[PDB]
Amino acid sequence: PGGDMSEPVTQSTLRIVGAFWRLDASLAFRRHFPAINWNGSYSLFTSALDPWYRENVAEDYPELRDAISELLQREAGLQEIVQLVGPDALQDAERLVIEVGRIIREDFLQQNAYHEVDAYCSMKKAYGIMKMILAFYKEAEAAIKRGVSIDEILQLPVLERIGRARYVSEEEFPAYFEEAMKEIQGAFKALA
Amino acid sequence: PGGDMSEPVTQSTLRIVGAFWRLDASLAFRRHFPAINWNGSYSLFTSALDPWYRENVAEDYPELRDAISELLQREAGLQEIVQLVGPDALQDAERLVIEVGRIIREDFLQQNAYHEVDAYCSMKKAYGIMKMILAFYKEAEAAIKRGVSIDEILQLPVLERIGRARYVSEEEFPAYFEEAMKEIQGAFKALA
Amino acid sequence: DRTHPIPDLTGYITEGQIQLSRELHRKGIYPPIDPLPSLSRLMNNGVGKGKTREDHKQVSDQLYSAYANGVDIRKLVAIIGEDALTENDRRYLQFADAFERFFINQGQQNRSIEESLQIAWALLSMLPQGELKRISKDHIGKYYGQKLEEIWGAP
Amino acid sequence: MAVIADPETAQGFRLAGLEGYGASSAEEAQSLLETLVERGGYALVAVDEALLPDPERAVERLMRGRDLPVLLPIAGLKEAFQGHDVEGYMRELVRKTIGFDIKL
Amino acid sequence: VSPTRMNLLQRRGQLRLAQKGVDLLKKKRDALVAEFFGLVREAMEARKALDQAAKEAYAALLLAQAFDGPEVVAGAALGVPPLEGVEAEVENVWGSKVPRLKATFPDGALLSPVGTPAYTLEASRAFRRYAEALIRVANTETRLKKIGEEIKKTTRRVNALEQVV
């Protein structure tokens, strides 16, 4: 009642279930679904399911998931300073981390339940999306070490491809992923 | 629990007690003992005890106590500037106040409980130490008024005699006090 | 919440606590024990010269102070940039990062007290010789100077 | 570019290639500053310190919209031949910046 | 706001975040003051150098107008084209940007005027050195002003937080 998570039923449930998916009202207000509070959720089955992920999805899937979680944690940590001194007071690396967190939130975690294609997403599609995001982050930080302005990176056209990769059908994704990876490599390595 | 002073037991206790000696962990962290915070502590028995102090200690004891308290208050009032710009950026009077407060803290308030002779202090020894400190402060202010440098004052040898006062035996104290009082007036006037 | 009745009474009866940090756990560090809010009220009795080693307490408090300083500096480096820091600030930042990476994140290893002290001294060797204000010169002379080759001996 | 000082100093500044100007009171100095900033006074515009104690007083109108001009006080011909206490000027700057005296 | 346990926890978290931000801003102010002191020292040194250059330039001037006639030095002044062109490069000061001034240089003696007497020649060279010191003084003054502005902003922010929020 009232969204109070200290209500005794919620506390009783919290001590029994192995996974917890807490929802957020602020995300629902922004119409950002599934509106799952990343900070307030957890899961206790991650370690036991690693061999299955290695065998059936990809050999380095846990590493990518850990990298994504670490990036989200760092972005959440930097948000405390962002809400204090504003986004423009940060350095280039912190701004890059914030932008990568925004990209992850808007293009990977988000999902349209009423879309004919985005409603269902297999494990391999998500693996490809997160691999693309990680590769882009690595290239962007490498370029940042080379003195390239952060504003130049944010206008790179591959961001639109990454954002639209979510709507690609399960059949066209295997070639779309290769083309997007080649484009990401070209936009930085060939340009430099 | 938690050290909050708004807890009802503390509020009820502070309305009927006559004294409050606020022990502080910060003072003990910097190896200052017996670590009673003089900013938070207070007492309500001074007015009733003043005639006894006049009768059994000295006629001027309340004046010396008030002078010491006022010097400590003034030293505590300058803590912002000495923290922002550092001690060396102050004037001569401010540096003199800071050093007098430091001498007070290190030679009068501080006490070693495990020391053989410093464990217990009578009223006479405390009165003598306070009088010596006040006399040295007056002489230092006069020297500052006569254009003497603060560094020269901070290197006088009578400061060692003042510092070792609290380690002097109770029966042998009066001779030490007389010699130190003579040296305090000798060190400033003779050097000119 | 540390003001909840259960942890409040438990801390009001017991003699300290060990605090687990969600940030360390999310950063892939195990066991995610946070030294800054952790506390033991009987440690001074359990260490000394006839037990553990004579440098235990000084090393522990120096590590606490250095880690606190490095963590505090890591917050300011976000806004003021790395180049605006002095050399000591950069040394503290690197020490804090290496401390979190090697000391706390031990995985499933079974480190004896001597191994933990050796790792602590290796981490402290990153700091300048005169920066170890909380340790007597004898222990510094006896143990300072070791390089980081300990955690790599147990992957 | 242009320096406003006594006419004797203005001759030297014209000798140096700078657009020196002669002035002896605040009114014509302010008029020259206004006509320089209106016509596009480029960057540095030196003004004799004994003439205008603070040149920015005439720049407050235009300081908001532009950042190119840089104005600093300086001694004139006769003023520089006598001792100049720039340390008091620095003390005043520090006192305005922080709010406390910093040196003794 | 609605009084509930979750709201109370959120408010306590906000209070802790505000305290941490206050301490961080205090550290930033300390660092800015530390830089400000060195800027003040270098500005004092630059001002002293500029004063010395101005005095020697005026000394070189006093010979020009005395031994050579006023018309000679006037023609020498009129002969040289006026110096124009100041490069206002940007300089980063803790995020803030300050203009750094350096002017074009016509090589000096290559642009010599009809004013041949040596007493006139020395004054122009001394004036160019004086202006070279002047531009450095202007640069250090601008940097000091930017540092002071940042210090004022940080102090106002710290006071506003710790006295209002």
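Parameters at a glance
Residues numbered from 1 in each chain as written, not as in the entry; some residues may be left out. Chains lettered and ligands numbered in written order. Part of a larger assembly, values for the part shown. Heavy atoms only, no water. Helix = DSSP H or I, 4+ residues; strand = E, 2+ residues; numbered from the N terminus. Rg over C-alpha atoms; globule rule 2.2 N^0.38 Å. Buried < 20%, exposed > 50% of the residue type's maximum accessible area, 1.4 Å probe, protein only. Contact = heavy atoms within 4.5 Å. Areas by Shrake-Rupley, 256 points an atom, 1.4 Å probe, with all protein chains shown as cover. Axes fitted to C-alpha atoms, helices over the stretch in contact; angles between N-to-C directions. Parallel < 35°, antiparallel > 145°, perpendicular 65-115°, else oblique. Nonpolar A, V, L, I, M, F, W, Y, C, P; charged D, E, K, R; others polar. Buried area = accessible area lost by both parts, 1.4 Å probe. Polar contact = N/O pair within 3.5 Å; in protein donor to acceptor, adjacent residues only side chain to side chain. Salt bridge = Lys/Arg side-chain N within 4 Å of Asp/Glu carboxyl O. Patch = residues over 30% accessible without salt bridge, like charges linked within 9 Å, V, L, I, M, F, W, Y side chains within 5 Å. Pairing = 2+ DSSP bridges. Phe/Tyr/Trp six-rings, centres within 6.5 Å; stacked < 30°, edge-to-face > 60°. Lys NZ or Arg CZ within 6 Å of the ring centre and 35° of its normal. Core = buried A, V, L, I, M, F, W, Y, C linked by side-chain atoms within 4.5 Å.

- Method of structure determination, per the deposited record: cryo-EM was used for this entry, reaching 2.8 Å resolution.

**Describing the overall build of chain E**
Item 1. Within chain E, the secondary structure is distributed over 3 helices and 2 strands.
Item 2. Along its sequence from the N terminus, chain E presents helices and strands in the succession α-α-β-β-α.
Item 3. A globule of 165 residues ought to have a C-alpha radius of gyration of about 15 Å, yet chain E, at 27 Å, is considerably larger.
Item 4. For chain E, the proportion of its 165 residues judged to be buried stands at 36%.
Item 5. Residue pairs at least 24 apart in sequence account for 75% of intrachain contacts in chain E once pairs closer than 6 positions are excluded.
Item 6. Summed over all atoms, the accessible surface of chain E reaches about 9500 Å², with 57% contributed by carbon and sulfur.

**So, the packing of helix 5 (residues 86-98) of chain D against helix 3 (residues 118-164) of chain E**
Item 1. Where helix 5 of chain D contacts helix 3 of chain E, the two axes come as close as 10 Å, and the packing angle between them is 25°. With respect to their mutual orientation, helix 5 of chain D and helix 3 of chain E come out roughly parallel. Contact residues: helix 5 of chain D offers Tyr89(D), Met90(D), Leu93(D), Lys96(D) and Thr97(D), while helix 3 of chain E offers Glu141(E), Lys145(E), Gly148(E) and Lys152(E).
Item 2. A per-class count over the contact of helix 5 of chain D with helix 3 of chain E returns 3 nonpolar, 2 polar and 4 charged.

**Section: the interface of chain A and chain C**
Item 1. Taken together, the contacts link 14 residues of chain A with 8 residues of chain C.
Item 2. Here chain A and chain C share an interface that buries about 820 Å² over both sides, 54% of which is from carbon and sulfur atoms.
Item 3. When the buried surface of chain A facing chain C is broken down by residue, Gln73(A), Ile81(A) and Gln91(A) rank first, second and third, together holding 51% of it.
Item 4. Viewed at the interface, chain C and chain A are joined by 3 residue pairs in polar contact.
Item 5. Of all the elements, helix 4 (residues 61-85) of chain A adds the most residues to the side of chain A that touches chain C, at 6 residues.
Item 6. When the residues that make up the side of chain A that touches chain C are grouped by side-chain class, the tally is 6 nonpolar, 6 polar and 2 charged.

**Quick notes on the environment of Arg100(E)**
All names here are of chain E.
Item 1. Secondary-structure assignment places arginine 100 in strand 2 (residues 96-103).
Item 2. You can call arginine 100 partly exposed: its relative accessible area is 39%.
Item 3. As a C-alpha pair, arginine 100 and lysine 153 span 53 residues in sequence and 22 Å in three-dimensional space.
Item 4. When residues no more than four places from it in sequence are discounted, the contact partners of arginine 100 are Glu87, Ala88, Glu89, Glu91 and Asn139.
Item 5. Among the polar contacts made by the side chain of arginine 100, one reaches the side chain of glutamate 91 at a distance of 3.1 Å.

**Digging into the pattern of salt bridges**
Residues and elements named next belong to chain B.
Item 1. Counted according to the given criterion, the structure contains 44 salt bridges over all chains.
Item 2. For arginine 102, the salt bridge is made with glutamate 99, and the minimal N-O distance between the two is 2.4 Å. In this pair, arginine 102 and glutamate 99 are both assigned in helix 6 (residues 92-109), 3 residues apart and thus about one turn of the helix distant.
Item 3. Its relative accessible area of 32% is what places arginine 102 among the partly exposed residues.
Item 4. Relative accessible area serves as the criterion here: at 13%, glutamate 99 is assigned to the buried category.

**Description of a nonpolar patch on the surface**
Item 1. On the surface, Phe81(D), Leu62(E), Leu63(E), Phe67(E) and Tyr119(E) cluster together into a nonpolar patch covering about 480 Å² of accessible area.
Item 2. In terms of residue count, helix 1 (residues 5-67) of chain E provides more of the nonpolar patch than any other element does, 3 residues in total.
Item 3. Position of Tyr119(E) relative to the elements: it lies in helix 3.
Item 4. For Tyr119(E), a relative accessible area of 37% puts it in the partly exposed group.

**Description of the sheet that holds strand 3 (residues 45-48) of chain D**
All names here are of chain D.
Item 1. Spatial ordering of the open sheet is given by 2-1-3-4, a layout of 4 strands whose pairing is parallel. Taken across any chain shown, the strands that pair with only one partner, and hence form the sheet edges, are strand 2 (19-22) and strand 4 (73-74).
Item 2. Alignment of strand 1 (residues 2-5) against strand 2, held across 4 bridges, turns out to be parallel. Looking at strand 2, one finds that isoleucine 4 is bridged to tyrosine 21.
Item 3. Packing against the sheet, helix 2 (residues 26-39) makes contact with strand 1, strand 2 and strand 3, and its axis sits at approximately 150° to strand 2.

**Side note on unusual backbone geometry**
Item 1. Of note, the amide linkage connecting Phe33(A) to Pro34(A) takes the cis form, showing an omega dihedral of 5°.
Item 2. Position of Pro34(A) among the secondary structure elements: in the loop between helix 2 (25-29) and strand 2 (42-43).
Item 3. Phi at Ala35(B) is positive, roughly 65°, even though this residue is not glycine.

**Structural notes on the packing of aromatic side chains**
Residue and element names in this part refer to chain A.
Item 1. Counting across every chain of the model gives 21 aromatic pairs over all chains.
Item 2. Summarising the aromatic geometry, the rings of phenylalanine 173 and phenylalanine 177 are spaced 6.5 Å apart at their centres and angled 10° between planes, so their arrangement reads as stacked. With a gap of 4 residues between them, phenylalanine 173 and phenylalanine 177 both fall in helix 9 (residues 173-190), about one helical turn apart.
Item 3. A residue is classified by how much of its surface remains accessible, and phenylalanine 173, at 7% relative accessible area, is buried.
Item 4. In textbook terms, an aromatic cluster arises when at least three aromatic residues are bridged by ring pairs, as seen for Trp52, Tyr53, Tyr61 and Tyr127.
Item 5. Between the NZ or CZ atom of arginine 161 and the centre of the ring of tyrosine 176, over which it lies, the distance is 5.5 Å.

**Some remarks on the nonpolar core**
Item 1. Core analysis: the biggest nonpolar cluster contains 80 residues, and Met132(A), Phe136(A), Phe95(C), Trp121(C) and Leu124(C) have the highest contact counts within it.
Item 2. For this core, the element with the highest residue contribution is helix 6 (residues 123-144) of chain A, accounting for 12 residues.
Item 3. If near-sequence neighbours (up to four positions away) are discounted, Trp121(C) is found in contact with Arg53(C), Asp55(C), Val59(C), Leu132(C), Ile135(C), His139(C), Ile140(C), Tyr143(C) and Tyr144(C).
Item 4. Counting residues in each nonpolar core, the second largest holds 39 residues, with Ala58(B), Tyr127(B), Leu134(B) and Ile150(B) among its members.

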